[PDB]
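# Before I ask anything, here's the sequence and the deposited coordinates:
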Amino acid sequence: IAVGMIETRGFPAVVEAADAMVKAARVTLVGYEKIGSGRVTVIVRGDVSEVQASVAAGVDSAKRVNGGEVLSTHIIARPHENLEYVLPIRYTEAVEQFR
Amino acid sequence: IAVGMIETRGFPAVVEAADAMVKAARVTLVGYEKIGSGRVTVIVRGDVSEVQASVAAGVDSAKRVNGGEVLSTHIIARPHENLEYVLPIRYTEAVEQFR
Amino acid sequence: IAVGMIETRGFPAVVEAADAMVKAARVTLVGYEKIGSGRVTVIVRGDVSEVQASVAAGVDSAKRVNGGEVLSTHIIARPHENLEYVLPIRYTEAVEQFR
Amino acid sequence: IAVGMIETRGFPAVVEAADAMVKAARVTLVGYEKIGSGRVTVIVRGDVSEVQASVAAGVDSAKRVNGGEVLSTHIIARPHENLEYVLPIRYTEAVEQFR
Amino acid sequence: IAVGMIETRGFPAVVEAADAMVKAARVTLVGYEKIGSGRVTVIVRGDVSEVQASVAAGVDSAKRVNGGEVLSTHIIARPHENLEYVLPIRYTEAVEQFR
Amino acid sequence: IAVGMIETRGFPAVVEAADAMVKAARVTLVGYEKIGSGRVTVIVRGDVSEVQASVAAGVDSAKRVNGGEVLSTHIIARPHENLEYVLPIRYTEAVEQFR
Amino acid sequence: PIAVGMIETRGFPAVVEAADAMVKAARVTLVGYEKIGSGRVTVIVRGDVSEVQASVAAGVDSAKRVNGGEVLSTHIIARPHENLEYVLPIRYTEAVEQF
Amino acid sequence: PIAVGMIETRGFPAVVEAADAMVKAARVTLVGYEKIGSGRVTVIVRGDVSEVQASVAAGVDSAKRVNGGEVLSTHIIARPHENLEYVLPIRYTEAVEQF
Amino acid sequence: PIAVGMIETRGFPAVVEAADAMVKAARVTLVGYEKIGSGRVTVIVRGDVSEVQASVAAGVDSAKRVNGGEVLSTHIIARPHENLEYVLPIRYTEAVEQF
Amino acid sequence: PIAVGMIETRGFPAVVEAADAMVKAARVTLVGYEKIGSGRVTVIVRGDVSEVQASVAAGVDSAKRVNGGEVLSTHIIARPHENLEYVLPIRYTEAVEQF
Amino acid sequence: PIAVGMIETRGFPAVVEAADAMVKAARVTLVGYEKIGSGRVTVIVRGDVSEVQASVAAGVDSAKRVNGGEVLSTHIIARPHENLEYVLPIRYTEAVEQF
Amino acid sequence: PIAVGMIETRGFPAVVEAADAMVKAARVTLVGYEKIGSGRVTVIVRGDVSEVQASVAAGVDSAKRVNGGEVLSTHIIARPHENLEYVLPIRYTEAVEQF
């Protein structure tokens, strides 16, 4: 299951990115990551094609935000299982209860 | 229920943004978010039209603050339910006890 | 009860701001807030006129600090009750035991 | 057992770095480290030659990321045991359960 | 009892500031404060004249540090009791056990 | 017992600094400190002459790191006991179990 | 009015059955679960007075049928004073709210 | 003077009834709830001496009527020494203050 | 439907045997372990109703064979109400999910 | 010398009365309160040996008068070894220090 | 196969002796220690089945010789299901791994 | 060799006396204090075997003289396996180290 990420500078924009992503295709927002310098990432999981659709929409929508800025984005089609155990890209408890 | 966000650089300004928002219309301040680089966001919930009124007032009032600066703002009319589970835009425990 | 805020860049200056505020008038320092980028805020509560007196003194005294810098300030005469529940402007446990 | 590190500015890029590293050779991603200013490090362990292979791939892949930036990298062939006890380069609980 | 503060950019320098302060006069280092942007403060308590001696020595010694930088300093002769309850300038548990 | 400190900008470099320090002479790495703005410090303890040897090696090795940068360094020959109680320069639990 | 209903059991299995029988028998929300020792645990439900009475009755009959089941005490409070919400686990949690 | 009133029960339901009966019978504030094992739990109220006496009496009569209810001990302290506030859960909390 | 199965024992060793026998005897997942005092502990499993019945039966037979083993109570809930998931440790955890 | 005095009760109300009677009967400071199960709780006071003896005696007489009161054990240590301070809740806390 | 061995005692001293006797009598690793109330505590060891049997036997003989020693229950599981690792303290910890 | 000595009491006051008598009677360090329920608590000391024997003996005689004192179990382990240090509170803490 692919992973999609949009990193913005600013919180409002990251929230819009996430909203646009889950609305554009069949992906689950699994988390959000702060790393400082105003950089925040929203992470979604789903089929590669769903994730591609969601990230493209997420980027477009975030850039429309008043003062919105997208810093980086990336999609990994088949993330190695090891990552699930170290980085915050896994379906969380709260998350799978929403499903 | 819509979500409204004002991100400022500086705490005093974000506090004013929040005060102005809840006073301008029928919205509930549900939280506050720090992301570093002096960037803080206040988040309100309510009817889209209430939120529109509150954000416009929040922006005007924050800009009047001595040294106040607004970095970004955004309103999402119908935030996807998935967001409530990942991002800090949900009515909190403390919050719904105030209601 | 009004809320007064002085945000400085630097800790020594914020400590002086707070000392000057509680000494200048009848206000209670209720808290302190860090938001990154060296930005820290001290928050006091009291009658609007007391708070006005305290913030003016706090600003003057903070600017006298060696390397002191004031970034922003603001006073809200009647902060909405909703804020008390979300933002760190409320009388705390430790605080009301000092009173 | 060698330690390999790639530090990026941006989260998406660090996630790609990690994915590329564990896919390129026989290394275990043991952790991730945030230090502010958007600087994040992913850490892998394995035979020196595996780690060399993984870091080279991790760097190439991270630089291909949209808005990806690599700040620093380093490999230590035989890290002193003392480090395992202070710095986050050790196999963690969650990690060795994945193995 | 007076409070003395030296804020540096850099940790090594703040550690030297503290060492120099407690060695120069009869003051107790009561704490250390991080506020981001590399800004850290060391706080001492003691008689105003002891604190004056310690801060002057602390500044001189910190500036001798390789890459040492002092950002701000301040002394408050009779800090208001209210501050003890909000800001980290109080004798701590660990601290008074050293005494 | 002397204290030695190397502060870098970047995590990989600080890890190398630490490795080089404990390998160059008879010192114990006792901790690591993050203060933001990418500034991290590694702290060692040992005889002044051991610490001098370790810091010199730590600096040389950190500067060889790809993208490595050393911001500041310092050695305190006889750190005042008060510091042990406030600043993170003390032998920790985990640490003395390694010994 | 919105009553609170409580069933206390000796043993966890029996208390889980009480809870399941309570929310199934009537229009009530399980809001809490309280451990106090001696194998005594309480499930707390909220709802209309008549709904809570229906559910507590169902809860008790079912719990007593559990193998090694044992009900210690029960009680229904019709109009719980607001003060209680703030001290005891009878209040709704945002957790059980989202649901 | 401002007395403290305590009812200790065996069982949680009975202690919740004690609390509800206490704050309802007189001008007192429930400030705490204390678990100590063996199924023993205490509700603590604050108020004038005469108010606390009225409420403790109501509390006990009501608690004994709870199904499987059982009161273990009670006590009213008329002028609790200030020292106690700082060690025991008899003090008001900002939680119960806001209310 | 997806039932929940619970075995409560007196003693930890016996409860660990119950759990091991349960997941081995049928298609069930151990999702929780609950301590409530008096030496009473519960293991909770999730699975189809028929699978959970098979496993609880195996669990009980095995637990009673443990040296100093002792089963206090057991229960199977066929269709646990969703409300319970949110209050009690019967829900899957991302921990047991990854597995 | 500075002795430590302890009264252990069965029940919380009685232990709160012990504490109140102790600090009122003599020049002692309540520094701790210890829960260990089976409804056993201890109040610990510090002071001169003769002061602690006066207070423990008062404490016991008063505690035994509490409704459902019960004193389990008491003890006075005249010169408690410094080692104990560091392991047990007999030491002053900055909490009780500020007072 | 890698079995798990458990000795549960009444009393801590006896459980510490059990653990010491177990790891000394055979090739096993103490991985956990479990408190569940009523003075019942368990030590858990991991190792080959034959090694764990040797150690549990040694553990029990030694524990029964402890003054006021008392063994409540014991059990050896030869092939503990992987599910258990994720719910119970039978798994290795990085703590006991480093050793 | 460096033995561990343990005295377990019923009641806290008696356990505090045991500890005080132990460190006073011989060259031992109190390193821990363990609560396990049923009013059972253990004090743990470290030292030479002969020193620990002297202290445990003193500890027991003194504890039995405590009003309402009661010793449940004791034990001395001459050469505690290193594995134990990592699982149980018999290890020195940096807390008791600094002293």
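Ah, there it is. Residues are numbered from 1 along each chain as shown, chains lettered A, B, ... in the order given.
# any idea which element the spatially closest residue to residue A:6 that is not a sequence neighbour lies in?
For residue A:6, the nearest residue in space outside its immediate sequence neighbours is residue A:17; the separation is 4.4 Å by Cβ to Cβ, 6 or more residues apart in numbering or on different chains. For every residue, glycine as well, the C-beta is placed using N, CA and C. For residue A:17, the host element (DSSP states H and E) is helix A:11-24.
# quick check, distance from that helix to the centre of its chain.
Relative to the mean C-alpha coordinate of its chain, helix A:11-24 is positioned 8 Å out (Cα atoms, centre = their mean, to the nearest Å).
# In terms of secondary structure, what does it contact?
Applying 3 or more Cβ pairs under 8 Å, 6 or more residues apart in numbering or on different chains; DSSP states H and E, one finds that helix A:11-24 contacts strand A:2-9, strand A:27-36, strand A:39-46, helix A:48-64, strand B:2-9, strand B:39-46, strand B:70-76, helix B:81-84.
# just checking, residue A:5 touches residue D:11?
Yes: taking Cβ atoms under 8 Å as the definition, residue A:5 is a contact partner of residue D:11 at 6.9 Å.
# Which residues are in contact with each of those two?
Residues touching both residue A:5 and residue D:11 (Cβ atoms under 8 Å, 6 or more residues apart in numbering or on different chains) are A:41, A:72.
# So which residue is smack in the middle of chain A?
Most central in chain A under Cα atoms, centre = their mean is residue A:43, positioned 2.8 Å from the mean C-alpha point.
# looking at the helices and strands packed on helix A:11-24, which is closest to residue L:60?
Smallest distance to residue L:60 across those (Cβ to Cβ): 55.1 Å, for strand A:27-36.
# what about the closest one and chain G, touching?
No: for a cut-off given as Cβ under 8 Å from any Cβ of the partner chain, strand A:27-36 has no contacts with chain G; the smallest distance is 14.9 Å.
# Now the residue of chain A found nearest chain K: closest residue in space, sequence neighbours ignored.
Here the residue of chain A nearest chain K is residue A:85; by Cβ to the nearest Cβ that distance is 12.5 Å. Counting by Cβ to Cβ, 6+ apart, residue A:85 lies nearest to residue D:98, which is 4.5 Å off, once chain neighbours are set aside.
# Next up, the contacts around residue A:71.
By Cβ under 8 Å, 6+ apart, the contact list for residue A:71 reads A:7-9, A:39, D:10, D:67.
# what's the burial count for residue A:49?
A count of neighbours around residue A:49, defined by other Cβ atoms under 10 Å in any protein chain shown, yields 12.
# coming back round to it: the residue nearest to the centre of chain A touches residue A:4, doesn't it?
Yes: under the contact definition of Cβ under 8 Å, residue A:43 touches residue A:4, with a separation of 7.1 Å.
# Give me the phi and psi angles of residue A:86.
For residue A:86, the backbone dihedrals are phi -120, psi -50 (criterion: degrees, to the nearest 10).
# meant to ask about residue A:68, not that
Recorded main-chain torsions at residue A:68 are phi -70, psi 140, according to degrees, to the nearest 10.
# Test my guess that it contacts residue A:8.
Yes: because the distance of 6.7 Å satisfies Cβ under 8 Å, residue A:68 is recorded as touching residue A:8.
# joint contacts of the two?
Between them, residue A:68 and residue A:8 share these contacting residues under Cβ under 8 Å, 6+ apart: residue A:62.
# okay, those two: which has more neighbours?
Just comparing residue A:68 and residue A:8: by other Cβ under 10 Å the higher neighbour count belongs to residue A:8, 30 against 20.
# so the more buried one bridges to which residues?
Bridge pairing for residue A:8 (DSSP bridges) gives the partners residue A:40, residue A:70.
# Enumerate every residue touching it.
With contacts taken as Cβ under 8 Å, 6+ apart, residue A:8 has the following neighbours: A:14, A:17, A:39-41, A:62, A:68-71.
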